[PDB]
Amino acid sequence: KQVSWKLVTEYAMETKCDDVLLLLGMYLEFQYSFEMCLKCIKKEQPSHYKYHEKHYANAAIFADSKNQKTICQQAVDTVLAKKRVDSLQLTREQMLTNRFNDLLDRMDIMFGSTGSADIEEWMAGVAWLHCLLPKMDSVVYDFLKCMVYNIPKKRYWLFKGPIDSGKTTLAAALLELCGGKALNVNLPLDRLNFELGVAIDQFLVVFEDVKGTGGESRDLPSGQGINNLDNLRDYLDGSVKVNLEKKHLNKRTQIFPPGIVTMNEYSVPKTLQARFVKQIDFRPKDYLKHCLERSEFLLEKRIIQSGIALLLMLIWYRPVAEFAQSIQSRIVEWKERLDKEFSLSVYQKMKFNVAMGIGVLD
Amino acid sequence: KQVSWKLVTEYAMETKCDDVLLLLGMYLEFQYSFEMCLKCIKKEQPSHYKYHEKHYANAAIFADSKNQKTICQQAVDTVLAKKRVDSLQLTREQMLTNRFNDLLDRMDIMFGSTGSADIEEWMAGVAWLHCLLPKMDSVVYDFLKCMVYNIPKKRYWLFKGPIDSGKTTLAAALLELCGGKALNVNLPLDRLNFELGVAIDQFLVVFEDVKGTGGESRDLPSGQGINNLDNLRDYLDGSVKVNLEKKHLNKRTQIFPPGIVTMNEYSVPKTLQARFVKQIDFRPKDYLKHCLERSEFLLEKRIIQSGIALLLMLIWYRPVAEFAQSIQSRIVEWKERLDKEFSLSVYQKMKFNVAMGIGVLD
Amino acid sequence: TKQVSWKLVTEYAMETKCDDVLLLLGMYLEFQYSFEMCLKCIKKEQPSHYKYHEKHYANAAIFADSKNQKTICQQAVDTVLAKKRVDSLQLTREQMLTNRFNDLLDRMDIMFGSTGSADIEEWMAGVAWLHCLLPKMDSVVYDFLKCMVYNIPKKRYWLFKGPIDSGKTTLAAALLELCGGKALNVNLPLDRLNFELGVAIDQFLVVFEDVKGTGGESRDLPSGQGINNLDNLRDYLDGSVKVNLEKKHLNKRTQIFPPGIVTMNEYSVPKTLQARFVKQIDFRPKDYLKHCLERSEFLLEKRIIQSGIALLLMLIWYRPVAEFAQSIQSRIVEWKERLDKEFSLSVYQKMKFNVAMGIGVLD
Amino acid sequence: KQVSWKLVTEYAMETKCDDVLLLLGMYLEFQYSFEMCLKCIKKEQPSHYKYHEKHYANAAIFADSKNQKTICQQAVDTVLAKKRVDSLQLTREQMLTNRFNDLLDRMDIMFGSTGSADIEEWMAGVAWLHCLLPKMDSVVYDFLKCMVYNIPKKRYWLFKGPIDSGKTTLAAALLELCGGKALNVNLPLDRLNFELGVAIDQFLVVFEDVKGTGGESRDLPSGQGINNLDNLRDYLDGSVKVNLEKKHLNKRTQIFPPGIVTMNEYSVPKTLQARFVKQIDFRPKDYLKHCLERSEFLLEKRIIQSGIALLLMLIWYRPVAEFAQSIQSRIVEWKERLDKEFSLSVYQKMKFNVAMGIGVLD
Amino acid sequence: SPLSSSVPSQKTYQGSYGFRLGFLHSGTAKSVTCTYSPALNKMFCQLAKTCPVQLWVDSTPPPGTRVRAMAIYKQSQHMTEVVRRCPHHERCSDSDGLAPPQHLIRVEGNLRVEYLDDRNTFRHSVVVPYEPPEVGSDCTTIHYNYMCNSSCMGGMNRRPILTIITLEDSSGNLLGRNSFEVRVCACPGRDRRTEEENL
Ligand SMILES: [Zn+2]
Ligand SMILES: [Zn+2]
Ligand SMILES: [Zn+2]
Ligand SMILES: [Zn+2]
Ligand SMILES: [Zn+2]
């Protein structure tokens, strides 16, 4: 007869879906029967086969409801509601922890029986990324601490280097690791306040490829990005809550999330520079490039750019005592599993290949 | 069957929750059993365990309603309505006292059988702070008499000092003591009228790091910050009520709140320097710096820039009389808690360490 | 089933002329608690509250249980607004000023009454200060009042010009509230001008505050787009034609822009703009006024010398009961007697005496 | 029990009221008893006492209903609906007639048993105005014939001259006479599209005091007015329909209304000049002024600038044939009543005193 | 809160009877309630707690002799200000019935106690009829109680208080006089130890 708003709201939770449309088109997928749901036999997408059967009895009605969009909106709101609470009450560590588990869960599936990801190929990516920076794993750990601590006036890292030098690759992966958003300050300033709003309730934010003024000798186009960042020094400092808007509306006065700031070799003011607690200079390295040429699968499957790879690095390097007490259990469970399939010999060989630039799995 | 909107509002009213998404998520947690509440028997968030029991039966329904979103609105409106009605009828001093009855109300937790803060740590923060500016307790006291009086064209203080000199910290603190908002008058002007509606019903306002001009000689990027304030003379004066407006909602015609301004030693127009009663010049003091290096916890925990810190400093030095009658009671109730928890000699030692450049807790 | 009475709320919004929806929602919610127990009544601190609680106490309870308090408060405000658009389109500018003066005297009765804090002596001490600002002050206030009431095309603005801290503002503010208007800021980008202007809709007068000009770079005065913007609002300052004031993205007003004051520093007032200004007062640094205030701290601290009452008083003191509308003449008299019964002309002179010597008014 | 939406509507139509907030107020007055109302017996408001008794029941009920604003809307839209149907069906001439009628009606009352208008004072205006320009009566007529024919490429008149030349006064009078709107093209070009929308469904438009370039040689500030006009060529032309908007949406595509343009001896482009079918250069005339410095009432009552005055002028001079048949009878009625009121000698005298600059009523 | 023109002296005067003061060495533990530091002439004690002060005389003075107890701020800059209870404490239901709510110093267990509100000096004080050392003891012990922490006026010992014990006859003339500094806190022990520790 009637429909259960609560069930949809709940399904939206177990999926942490904050997109009404997706939520909609997705729940409607439970409309049909499960008894022969081909999307279930093939086990593609857990978001469907893990809940369909359970919500079948409430999706055959939802398909007839006259307020589909209205209902979904409430679920999504609930999802956002949660995020809000878990950003004013949980500890940054607890946040980074909850994040990891979410990643590990994905890994279990992508590396399990139903998955399709080749553990070897990914691990191989771990090696490529480890040849990107001296003591990469430690940097990854260092970054994680930086973000979790969120020490005022010391929250941002600067990635500076020529075109195609890994600045992004690493930045991107880091982001997926902690979970956050990539903002653009190069865009007009009339949409700037709308862009800066994306960074709400976000763990960390990333200003990707910011443009600067000083630097035409290096044949670099001028931009307002850098000059913009300097104006948002209030936001970067992280000392006093800033006001962020959204959808021509007033959302919240929170502390701006910490993050990375990648940019070409442009000039950087003293006031801005001071906001950066750490600066990493990337430089194009032949072998790293020739390695990918013979290791296509590393870019095709977007491995060297995912946080899951970086996680499969902290687990293959960092000691258990470093992870949050809560995840230690699972972490160790992975160090073993990972160990049984990889001898420091095989791995060492992969890093070596990268050095020679002959493809990891070669 | 039907939800008690009145009840939800009663919650938001005791939580001072003026955030539809916050309130939404928070109340929804009450939808669960209070018999086995892990968040209560573990007492982590008062806003939860202190009201779950009472609001349990209600939330139990609120979770099956189809207007959670809406119902929460009204609740916030009420909270907002109150905040307004009060900024018109209660006197300035009756507002600080109302604020303090919230900080001390939070301190009753931080330093309790449920809190998670080391009273010893904070007193140290006070010590550090009390080394930032001569007679700091007096300065903080004067600032209050300057924010409560609200004398036209005499309602703003100016912190003008070099990068990382403590100017922001102190400001950020006072701002939390009196409550308010921090505005960025550095961004463009085409969309700063909303970035001003945030001062609606706020005790004071803070303009964090304002970029001026003519600072080129000091390697300080030019910004339209200082010049933007000048175009708001009637705001900083407080003689006539200006018009603040939020995104297509609440276009209040009130009198701009008083506050502070922090900038990097730029040039101030004689037409603005007159709207600044007192100007404190901050200087980077090495000993304070090193002290922090050995007292990391003062930053990681954000204490030297917390209102609670200064308030404590006040409960420490300032006489009972200075505080309002309706609070003198709860003040002594603390002047004793501290007198007991610490000792004049012990504290002496603290400022001594800070003065020496070593960790406070030695 | 016991429903709510929108009508009763509307009535409250009116008897208090509440135009703020939220502010209304807050005031009516206070009528939710017990009357016999209201501490905010037996103490008498807010007229707007104790004068209607008992009455609205019945409806309040029902209100506090409605699922759309906002709507009700909205329709109650949309009314108070209508009763504004009408009067500002049917009453005589003389009647308005009078009504404004009534609400001004109402806040004056309680103000200096037993159930309120206000030292009648302090204010008169202010009136004295003010009467020392400009020669024949009490007369200036009238010349302005009339000028505002008449509303003569191309003859509706006064240009208060002077340096930093000369009084311009203190006065402009006083006259402002005295008549009931709005302070506008035309210094910020015009890309938001049309909205800032909308604040003038249904107003009696308008006061453009500091309005930065250009050219005064030799005087070390930051140049702005203020004055230049006014010159673009010529027809706005004129008064002949009706302007189109936009507000909240929906144009709901096509009226003649109201008159008012304009303050500024020693900037350059363009030929075309200087014309829209009828009279021009030149304020200057008054050392003795300064010294007096430093010793009469209460004046500034309680915002008297810049209140719509400090001016109305000056009238009740000097001006003849003749110049006032016969629709409130009695009241004006009741006050004149009241003031003399309380003060001595020789005393008031002593006040100005000190204000001239740069000494604390009282004593 | 349920208020009659058709009664509030009817009233609105019988008052050509399109302001929702006004309608509500107007009607809310009829809620009270007419038996003993003041404003209703003092007969000082035509739009009030004429409908109070008819609209009293639907007012005491309306004052109760909860959908007030919603109703008034329905009503106002009906009005706008009518005007919209008139603009597209009625002939431009019929439009002037309906205007004159509503115009005369006002006269009938303001110049009757009830009303503070003084027929003698107004006549003075008719006179004063007749001294403003050579053959003033054959001008107002020439103008009306231009605003009616609305010939393509020959729709605008250009009043050009110094300050206090009467340009506006006449411009305003002509405006009121026909009924249009005053657009300000001096404002920024960004919002230039909103003012133009006010011209939707209007008989004529008036661009008061437009600013141009090249005026420093005469102490005139620069402006974008003139340029902006030269950008709305197809608007002034009246050849092709223009697309105007207002409610944040393309509300209507119509032939922009014809009109007048008043400016101060600025530089006009030949492209904009060939757009003005007629140009009138005004000059400051001492006697006209002194005549006013003695006949203040003319201004303190906005007569010489009123549109009623110009209608009195035509009625006075113009023959009973240049008008519209249907209005002829009423024209005579006003020629006779206007005759028994004054003698050619008196009227003549008036103009004399004007030429002498001493007081039209000396 | 008006100032006083007078300034009661604090000069140590044993008099023609050799008047002194004896204090109960209550050690420097933690649960201390009232102690004395000879090195500091300071008496650390708790709020409203018994404070035994011993009166030592070589020759028992005449009958009708009284002992006055007055308090003044040790620092000259505020020596003109009147020593009284904080705005809060003077509003507490701690009225024994005899002692006025604004008096700092009080007497415990002496029905013949008299509190004086000197209308000329505005000063506050408490007096009691001197009694000869009861058989078994060589001195007369008096129980005092302070009703305000020294933190209510400065915390960091901004306003140090000094108690003045006067020995006067019936008329009210000086016979003997001793004085000691007073500090009302919550840990007389810890506070005495630390301070003495500062040498
Ligand atoms: Zn399925
Ligand atoms: Zn619980
Ligand atoms: Zn009450
Ligand atoms: Zn009537
Ligand atoms: Zn005390």
# chains A, B, ... in the order shown; residues from 1 in each chain; ligands from 1
>>> interface_residues(of="chain A", to="chain B", cutoff="9 Å", atoms="only C-alpha atoms", output="PDB file with C-alpha atoms, in the first residue's frame")
ATOM      1  CA  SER A   4       8.722   3.244   3.569  1.00  0.00           C
ATOM      2  CA  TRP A   5      10.746   6.432   3.512  1.00  0.00           C
ATOM      3  CA  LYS A   6      12.907   5.044   6.278  1.00  0.00           C
ATOM      4  CA  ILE A  71      11.791  10.784  -0.696  1.00  0.00           C
ATOM      5  CA  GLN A  74      15.319  13.123   2.645  1.00  0.00           C
ATOM      6  CA  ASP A  77      19.802  14.884   3.678  1.00  0.00           C
ATOM      7  CA  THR A  78      20.244  12.232   6.349  1.00  0.00           C
ATOM      8  CA  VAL A  79      23.539  11.268   4.769  1.00  0.00           C
ATOM      9  CA  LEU A  80      24.730  14.876   4.821  1.00  0.00           C
ATOM     10  CA  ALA A  81      23.402  15.202   8.314  1.00  0.00           C
ATOM     11  CA  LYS A  82      25.661  12.375   9.454  1.00  0.00           C
ATOM     12  CA  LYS A  83      28.737  13.774   7.722  1.00  0.00           C
ATOM     13  CA  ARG A  84      28.036  17.019   9.566  1.00  0.00           C
ATOM     14  CA  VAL A  85      27.919  15.376  12.947  1.00  0.00           C
ATOM     15  CA  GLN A  89      32.366  15.246  17.184  1.00  0.00           C
ATOM     16  CA  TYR A 149      47.054  17.100  13.649  1.00  0.00           C
ATOM     17  CA  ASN A 150      45.829  20.108  11.687  1.00  0.00           C
ATOM     18  CA  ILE A 151      48.197  22.392  13.543  1.00  0.00           C
ATOM     19  CA  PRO A 152      47.149  25.986  12.804  1.00  0.00           C
ATOM     20  CA  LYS A 153      49.394  27.914  10.383  1.00  0.00           C
ATOM     21  CA  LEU A 189      36.205  35.129  -8.508  1.00  0.00           C
ATOM     22  CA  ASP A 190      32.465  35.476  -9.019  1.00  0.00           C
ATOM     23  CA  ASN A 193      32.878  31.681  -3.217  1.00  0.00           C
ATOM     24  CA  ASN A 227      47.103  35.730  -6.043  1.00  0.00           C
ATOM     25  CA  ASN A 228      43.732  34.287  -4.996  1.00  0.00           C
ATOM     26  CA  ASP A 230      47.116  34.704  -0.967  1.00  0.00           C
ATOM     27  CA  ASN A 231      43.811  36.444  -0.306  1.00  0.00           C
ATOM     28  CA  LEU A 232      42.356  33.344   1.279  1.00  0.00           C
ATOM     29  CA  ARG A 233      45.226  33.337   3.815  1.00  0.00           C
ATOM     30  CA  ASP A 234      42.455  33.371   6.396  1.00  0.00           C
ATOM     31  CA  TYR A 235      41.241  30.032   5.007  1.00  0.00           C
ATOM     32  CA  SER A 239      42.958  29.536  12.907  1.00  0.00           C
ATOM     33  CA  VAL A 240      39.516  31.149  12.756  1.00  0.00           C
ATOM     34  CA  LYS A 241      36.481  29.468  11.262  1.00  0.00           C
ATOM     35  CA  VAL A 242      35.714  30.787   7.783  1.00  0.00           C
ATOM     36  CA  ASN A 243      32.189  31.171   6.305  1.00  0.00           C
ATOM     37  CA  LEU A 244      31.455  28.971   3.310  1.00  0.00           C
ATOM     38  CA  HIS A 248      23.346  30.777  -3.305  1.00  0.00           C
ATOM     39  CA  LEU A 249      22.723  29.939   0.364  1.00  0.00           C
ATOM     40  CA  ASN A 250      24.557  30.133   3.743  1.00  0.00           C
ATOM     41  CA  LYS A 251      25.769  26.698   4.910  1.00  0.00           C
ATOM     42  CA  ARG A 252      28.387  26.807   7.645  1.00  0.00           C
ATOM     43  CA  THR A 253      31.155  28.688   9.434  1.00  0.00           C
ATOM     44  CA  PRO A 269      54.764  35.577  -2.061  1.00  0.00           C
ATOM     45  CA  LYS A 270      56.303  35.417   1.369  1.00  0.00           C
ATOM     46  CA  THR A 271      52.942  35.649   3.089  1.00  0.00           C
ATOM     47  CA  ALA A 274      54.633  30.967   5.133  1.00  0.00           C
TER      48      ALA A 274
END
>>> residues_around(residues="residue E:150", least_positions_apart="5", cutoff="9 Å", atoms="only C-alpha atoms", output="list in words")
residues 155, 156, 157, 158, 159, 160, 161, 182, 183, 184 and 185 of chain E
>>> residues_around(residues="stretch 282-284 of chain A", least_positions_apart="5", cutoff="9 Å", atoms="only C-alpha atoms", output="compact mmCIF listing (two decimals) with N, CA, C and O atoms, in the first residue's frame")
# COMPACT_ATOMS: atom_id res chain seq x y z
N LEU A 132 59.05 7.38 -6.70
CA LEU A 132 58.72 8.75 -7.08
C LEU A 132 59.34 9.77 -6.13
O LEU A 132 59.74 10.86 -6.54
N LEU A 133 59.43 9.38 -4.87
CA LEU A 133 59.98 10.24 -3.85
C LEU A 133 60.80 9.43 -2.84
O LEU A 133 60.47 8.28 -2.53
N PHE A 159 53.38 21.27 -3.62
CA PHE A 159 54.02 20.39 -4.60
C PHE A 159 54.43 21.27 -5.76
O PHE A 159 53.58 21.76 -6.48
N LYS A 160 55.73 21.47 -5.97
CA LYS A 160 56.14 22.34 -7.06
C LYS A 160 57.07 21.61 -8.00
O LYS A 160 57.99 20.93 -7.55
N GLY A 161 56.85 21.73 -9.31
CA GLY A 161 57.69 21.05 -10.29
C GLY A 161 57.16 21.27 -11.69
O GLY A 161 56.01 21.61 -11.87
N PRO A 162 57.99 21.07 -12.71
CA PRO A 162 57.63 21.24 -14.13
C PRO A 162 56.45 20.39 -14.58
O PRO A 162 55.99 19.50 -13.86
N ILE A 163 55.98 20.64 -15.80
CA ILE A 163 54.86 19.89 -16.35
C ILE A 163 55.19 18.40 -16.37
O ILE A 163 56.28 17.99 -16.78
N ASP A 164 54.24 17.59 -15.92
CA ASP A 164 54.39 16.14 -15.92
C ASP A 164 55.60 15.70 -15.13
O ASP A 164 56.63 15.34 -15.70
N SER A 165 55.47 15.74 -13.81
CA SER A 165 56.57 15.35 -12.95
C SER A 165 56.01 14.59 -11.77
O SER A 165 56.71 14.41 -10.78
N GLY A 166 54.75 14.18 -11.86
CA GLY A 166 54.12 13.43 -10.77
C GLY A 166 53.42 14.24 -9.67
O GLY A 166 52.82 13.65 -8.77
N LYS A 167 53.50 15.57 -9.75
CA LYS A 167 52.89 16.43 -8.76
C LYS A 167 51.47 16.02 -8.51
O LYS A 167 51.04 15.85 -7.37
N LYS A 289 59.13 7.50 -16.35
CA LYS A 289 58.30 7.62 -17.54
C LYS A 289 58.41 6.39 -18.47
O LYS A 289 57.39 5.84 -18.91
>>> residues_near_ligand(ligand="ligand 3", cutoff="10 Å", atoms="only C-alpha atoms and all ligand atoms", output="PyMOL selection string")
chain C and resi 30-42+44+46+49-57
>>> write_last_selection(atoms="N, CA and C atoms", output="PDB file, in the first residue's frame")
ATOM      1  N   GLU C  30       7.546  34.369  23.555  1.00  0.00           N
ATOM      2  CA  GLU C  30       7.714  34.705  24.963  1.00  0.00           C
ATOM      3  C   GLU C  30       6.336  34.737  25.631  1.00  0.00           C
ATOM      4  N   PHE C  31       5.283  34.911  24.838  1.00  0.00           N
ATOM      5  CA  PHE C  31       3.932  34.933  25.386  1.00  0.00           C
ATOM      6  C   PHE C  31       3.413  33.512  25.622  1.00  0.00           C
ATOM      7  N   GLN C  32       4.322  32.555  25.486  1.00  0.00           N
ATOM      8  CA  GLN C  32       4.009  31.140  25.665  1.00  0.00           C
ATOM      9  C   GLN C  32       4.009  30.762  27.140  1.00  0.00           C
ATOM     10  N   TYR C  33       4.889  31.396  27.906  1.00  0.00           N
ATOM     11  CA  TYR C  33       5.004  31.131  29.332  1.00  0.00           C
ATOM     12  C   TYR C  33       3.884  31.756  30.165  1.00  0.00           C
ATOM     13  N   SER C  34       3.801  31.355  31.428  1.00  0.00           N
ATOM     14  CA  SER C  34       2.786  31.863  32.332  1.00  0.00           C
ATOM     15  C   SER C  34       2.870  33.369  32.511  1.00  0.00           C
ATOM     16  N   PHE C  35       1.705  34.003  32.607  1.00  0.00           N
ATOM     17  CA  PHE C  35       1.633  35.445  32.781  1.00  0.00           C
ATOM     18  C   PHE C  35       1.956  35.840  34.215  1.00  0.00           C
ATOM     19  N   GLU C  36       1.234  35.253  35.165  1.00  0.00           N
ATOM     20  CA  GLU C  36       1.420  35.550  36.584  1.00  0.00           C
ATOM     21  C   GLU C  36       2.860  35.327  37.035  1.00  0.00           C
ATOM     22  N   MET C  37       3.586  34.510  36.287  1.00  0.00           N
ATOM     23  CA  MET C  37       4.960  34.226  36.635  1.00  0.00           C
ATOM     24  C   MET C  37       5.976  35.047  35.849  1.00  0.00           C
ATOM     25  N   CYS C  38       5.599  35.595  34.690  1.00  0.00           N
ATOM     26  CA  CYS C  38       6.552  36.382  33.892  1.00  0.00           C
ATOM     27  C   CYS C  38       7.381  37.333  34.755  1.00  0.00           C
ATOM     28  N   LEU C  39       8.674  37.048  34.838  1.00  0.00           N
ATOM     29  CA  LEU C  39       9.582  37.870  35.625  1.00  0.00           C
ATOM     30  C   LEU C  39       9.902  39.124  34.813  1.00  0.00           C
ATOM     31  N   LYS C  40       9.809  38.993  33.491  1.00  0.00           N
ATOM     32  CA  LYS C  40      10.122  40.074  32.551  1.00  0.00           C
ATOM     33  C   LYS C  40       9.001  41.118  32.480  1.00  0.00           C
ATOM     34  N   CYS C  41       7.998  40.930  33.329  1.00  0.00           N
ATOM     35  CA  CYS C  41       6.836  41.803  33.383  1.00  0.00           C
ATOM     36  C   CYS C  41       6.827  42.557  34.708  1.00  0.00           C
ATOM     37  N   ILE C  42       6.895  41.811  35.800  1.00  0.00           N
ATOM     38  CA  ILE C  42       6.913  42.409  37.126  1.00  0.00           C
ATOM     39  C   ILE C  42       8.150  43.305  37.272  1.00  0.00           C
ATOM     40  N   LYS C  44       9.469  44.864  34.530  1.00  0.00           N
ATOM     41  CA  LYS C  44       9.227  45.918  33.553  1.00  0.00           C
ATOM     42  C   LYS C  44      10.521  46.399  32.912  1.00  0.00           C
ATOM     43  N   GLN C  46      10.843  45.531  29.179  1.00  0.00           N
ATOM     44  CA  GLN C  46      10.424  45.584  27.779  1.00  0.00           C
ATOM     45  C   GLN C  46       8.919  45.835  27.562  1.00  0.00           C
ATOM     46  N   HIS C  49       6.781  43.639  25.401  1.00  0.00           N
ATOM     47  CA  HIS C  49       6.446  42.323  25.935  1.00  0.00           C
ATOM     48  C   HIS C  49       5.285  42.278  26.921  1.00  0.00           C
ATOM     49  N   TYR C  50       5.429  43.000  28.034  1.00  0.00           N
ATOM     50  CA  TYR C  50       4.421  43.006  29.096  1.00  0.00           C
ATOM     51  C   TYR C  50       3.099  43.677  28.773  1.00  0.00           C
ATOM     52  N   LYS C  51       3.099  44.487  27.734  1.00  0.00           N
ATOM     53  CA  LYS C  51       1.882  45.158  27.375  1.00  0.00           C
ATOM     54  C   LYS C  51       0.902  44.269  26.576  1.00  0.00           C
ATOM     55  N   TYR C  52       1.318  43.071  26.156  1.00  0.00           N
ATOM     56  CA  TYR C  52       0.423  42.214  25.369  1.00  0.00           C
ATOM     57  C   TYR C  52       0.432  40.736  25.772  1.00  0.00           C
ATOM     58  N   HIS C  53       1.365  40.364  26.642  1.00  0.00           N
ATOM     59  CA  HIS C  53       1.467  38.969  27.063  1.00  0.00           C
ATOM     60  C   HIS C  53       0.139  38.418  27.562  1.00  0.00           C
ATOM     61  N   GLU C  54      -0.328  38.992  28.665  1.00  0.00           N
ATOM     62  CA  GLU C  54      -1.571  38.575  29.288  1.00  0.00           C
ATOM     63  C   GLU C  54      -2.617  38.435  28.207  1.00  0.00           C
ATOM     64  N   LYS C  55      -2.725  39.457  27.384  1.00  0.00           N
ATOM     65  CA  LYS C  55      -3.707  39.417  26.333  1.00  0.00           C
ATOM     66  C   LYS C  55      -3.517  38.244  25.371  1.00  0.00           C
ATOM     67  N   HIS C  56      -2.308  38.139  24.804  1.00  0.00           N
ATOM     68  CA  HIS C  56      -1.966  37.086  23.823  1.00  0.00           C
ATOM     69  C   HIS C  56      -1.524  35.753  24.415  1.00  0.00           C
ATOM     70  N   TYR C  57      -1.452  35.700  25.740  1.00  0.00           N
ATOM     71  CA  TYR C  57      -1.079  34.478  26.440  1.00  0.00           C
ATOM     72  C   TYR C  57      -1.921  33.254  25.983  1.00  0.00           C
TER      73      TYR C  57
END
>>> atom_distance(atom1="atom CA of residue D:120", atom2="atom CA of residue D:341")
8.2 Å
>>> residues_around(residues="residue C:312", least_positions_apart="3", cutoff="9 Å", atoms="only C-alpha atoms", output="VMD selection string")
chain C and resid 101 104 to 105 178 307 to 309 315 to 317
>>> residues_near_ligand(ligand="ligand 4", cutoff="6 Å", atoms="only C-alpha atoms and all ligand atoms", output="ChimeraX atom specification")
/D:34,37,40,49,52
>>> residues_around(residues="stretch 139-148 of chain B", least_positions_apart="5", cutoff="9 Å", atoms="only C-alpha atoms", output="list in words")
residues 91, 92, 93, 95, 96, 133, 134, 154, 155, 156, 157, 174, 178, 203, 204, 257, 258, 259, 310, 314 and 318 of chain B
>>> residues_around(residues="residue B:309", least_positions_apart="3", cutoff="9 Å", atoms="only C-alpha atoms", output="PyMOL selection string")
chain B and resi 122-123+125-126+129+173+177+303-306+312-314
>>> write_last_selection(atoms="C-alpha atoms", output="tab-separated table (two decimals), in the first residue's frame")
chain	number	residue	atom	x	y	z
B	122	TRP	CA	45.19	24.83	29.92
B	123	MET	CA	46.56	26.81	32.84
B	125	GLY	CA	48.18	27.99	27.88
B	126	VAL	CA	47.14	30.84	30.10
B	129	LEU	CA	49.27	33.87	26.72
B	173	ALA	CA	40.82	33.80	21.17
B	177	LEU	CA	35.40	34.53	24.38
B	303	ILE	CA	44.59	26.30	23.48
B	304	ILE	CA	46.51	29.53	23.12
B	305	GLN	CA	43.77	30.62	20.71
B	306	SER	CA	40.77	29.44	22.63
B	312	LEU	CA	40.30	31.09	32.76
B	313	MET	CA	42.97	33.81	32.84
B	314	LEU	CA	40.23	36.13	33.93
